[PDB]
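Student:
Number of protein chains: 2
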Amino acid sequence: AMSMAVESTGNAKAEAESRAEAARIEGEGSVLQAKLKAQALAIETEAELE
Amino acid sequence: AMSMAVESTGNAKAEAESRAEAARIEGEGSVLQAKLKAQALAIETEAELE
Numbered sequence: 711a712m713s714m715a716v717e718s719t720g721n722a723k724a725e726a727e728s729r730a731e732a733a734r735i736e737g738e739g740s741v742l743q744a745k746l747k748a749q750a751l752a753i754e755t756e757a758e759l760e
Numbered sequence: 711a712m713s714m715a716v717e718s719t720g721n722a723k724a725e726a727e728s729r730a731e732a733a734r735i736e737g738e739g740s741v742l743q744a745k746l747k748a749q750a751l752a753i754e755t756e757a758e759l760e
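Chains as they are written, first to last, in the UniProt record's numbering: chain A, 711 to 760; chain B, 711 to 760.
#1: Can you tell me whether DSSP reads residue 750 of chain B as helix, strand or coil?
#2: Does DSSP put residue 759 of chain B in a helix, a strand or coil?
#3: If you measure beta-carbon to beta-carbon, which residues of the region 728-745 of chain A are closer than 9 Å to chain B?
#4: When burial is assigned at 16 or more other CB atoms within 10 Å of the CB, is residue 717 of chain A buried or exposed?
#5: Using a 10 Å radius around the Cβ and a threshold of 16 neighbouring Cβ atoms, would you call residue 728 of chain A buried or exposed?
#6: Would you mind telling me which residues of chain A sit closer than 7 Å to residue 750 of chain B, beta carbon to beta carbon, in chain order?
Have a look at this one:
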């Protein structure tokens with residue numbers, strides 16, 4: 711029982727930390743997409759402003 | 711369990727940091743597109759202004 715218990719806990723922490731680390735860096739990805747697509751829209755309509 | 715755990719966490723951080731770094735620089739891409747397509751529209755209708 712405890713054998714396949716640690717089996718199951720690791721086996722699911724597997725498909726867990728997978729999507730988890732993917733989430734980490736897809737998130738910091740959108741973080742800099744934010745900082746950037748900011749300066750995109752921020753000055754598109756700064757020239758179009760004028 | 712912990713073996714395929716670190717497997718899964720890296721395997722998903724893979725498809726994560728992929729879209730993440732793509733997001734980084736597609737974002738800074740639109741950032742300068744912004745600074746530029748600004749000066750595009752900013753003076754199209756500066757001559758058309760006149």
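Using N, Cα and C, we set each Cβ at its ideal position, and we do this for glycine too.
Tutor: Looking at the coordinates:
#1: helix
#2: coil
#3: 728, 729, 730, 731, 732, 733, 734, 735, 736, 737, 738, 739, 740, 741, 742, 743, 744 and 745
#4: exposed
#5: buried
#6: 757
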